[PDB]
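# A structural walkthrough
If you want the building blocks of each chain, they are given just below.
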Amino acid sequence: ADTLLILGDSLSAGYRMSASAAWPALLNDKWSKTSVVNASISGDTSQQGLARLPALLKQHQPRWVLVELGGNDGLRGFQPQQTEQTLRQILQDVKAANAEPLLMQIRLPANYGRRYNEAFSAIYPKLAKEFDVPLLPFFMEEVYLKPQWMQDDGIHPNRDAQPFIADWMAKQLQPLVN
């Protein structure tokens with residue numbers, strides 16, 4: 001069975017819940033034909049993710065790598081330019097390992113105004129085109145529309161949301177994982 005490696009942060013690792021409760025575990029249960037390895041860690045910045053990538057690629061030899069990073073690069077001393085370069089390196093390493101990188105669009109809180117959010121968000125479409133890879137929509141967009149699926153911080157999805165996200169991801173990934 002082929003392997004899908006998820007390289008992400010709290011949105012994929014699960015925030016204040018076990019890994020077994022996070023959507024990647026639910027997706028894995030739904031998928032036998034395709035193994036889903038959740039290499040996500042809460043709090044991770046794109047840089048911390050890239051630092052773990054080499055070992056993950058060599059160990060799991062994934063066919064597809066879902067990159068869901070950048071959201072934490074808000075308070076780490078990095079500017080959109082840095083986050084962009086870091087993600088660029090990730091996509092390169094993925095392709096170099098003969099794996100198909102799947103980039104997910106990330107969007108920042110509305111309480112950040114124009115300029116910075118537009119700049120941060122613009123990074124993903126740019127890279128997706130540069131490497132000619134799939135650019136998945138930010139799944140949290142649909143979750144925000146359901147207050148009952150959001151944790152208190154108004155940032156992370158709760159336990160009740162995971163099943164929905166798993167289904168959403170299955171549908172989005174299905175065509176990509178063939």
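Residues numbered from 1 in each chain as written, not as in the entry; some residues may be left out. Heavy atoms only, no water.

As annotated in the PDB entry, the protein chain is Thioesterase I from Escherichia coli. As recorded in the PDB, this entry has the title "E.coli Thioesterase I/Protease I/Lysophospholiase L1". Listed in UniProt under the heading Function, the comment for the protein chain reads: "TesA is a multifunctional esterase that can act as a thioesterase, arylesterase, lysophospholipase and protease." In its Sequence similarities section, UniProt records this for the protein chain: "Belongs to the 'GDSL' lipolytic enzyme family." (UniProt positions renumbered as here; feature names shortened; annotations may be inferred.)

### Let's talk about the pairing of strand β1 (residues 2-8)
Counting buried positions over the seven residues of β1 gives six, a clear majority of the element. Direction of pairing for β1 relative to strand β2 (residues 34-38): parallel, over a ladder of five bridges. Considered in β2, the bridge of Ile6 is made with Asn38. Two strands pair when backbone bridges link them, and β1 and strand β3 (residues 64-68) are joined in this way by five bridges, in the parallel orientation. Residue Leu4 lies in a different strand from β3, and its bridge partner there is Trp64. (Buried < 20%, exposed > 50% of the residue type's maximum accessible area, 1.4 Å probe, protein only. Helix = DSSP H or I, 4+ residues; strand = E, 2+ residues; numbered from the N terminus. Pairing = 2+ DSSP bridges.)

### Re the packing of helix α3 (residues 46-60) against helix α4 (residues 80-96)
At a minimum axis distance of 9 Å, the contact between α3 and α4 shows a crossing angle of 10°. When the interaxial angle is binned, α3 and α4 end up roughly parallel. Together, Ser46, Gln47, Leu50, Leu53 and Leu57 of α3 and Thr83, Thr86, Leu87, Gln89, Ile90, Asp93 and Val94 of α4 make up the contact between the two elements. Taken together, the residues of the contact of α3 with α4 sort by class into six nonpolar, five polar and one charged. (Axes fitted to C-alpha atoms, helices over the stretch in contact; angles between N-to-C directions. Parallel < 35°, antiparallel > 145°, perpendicular 65-115°, else oblique. Contact = heavy atoms within 4.5 Å. Nonpolar A, V, L, I, M, F, W, Y, C, P; charged D, E, K, R; others polar.)

### Observations regarding the UniProt feature "active site" in the protein chain
The UniProt entry lists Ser10, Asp153 and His156 under the feature "active site", expressed in the numbering used here. Position of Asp153 relative to the elements: it lies in the loop between α6 (140-144) and α7 (162-173). Taking the relative accessible area as the measure of exposure, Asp153 reaches 34% and is therefore partly exposed. Considering the arrangement of structural elements, one finds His156 in the loop between α6 and α7. Beyond its immediate chain neighbours, meaning those up to four positions away, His156 contacts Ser10, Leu11, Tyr15, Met140, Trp149, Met150 and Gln151.

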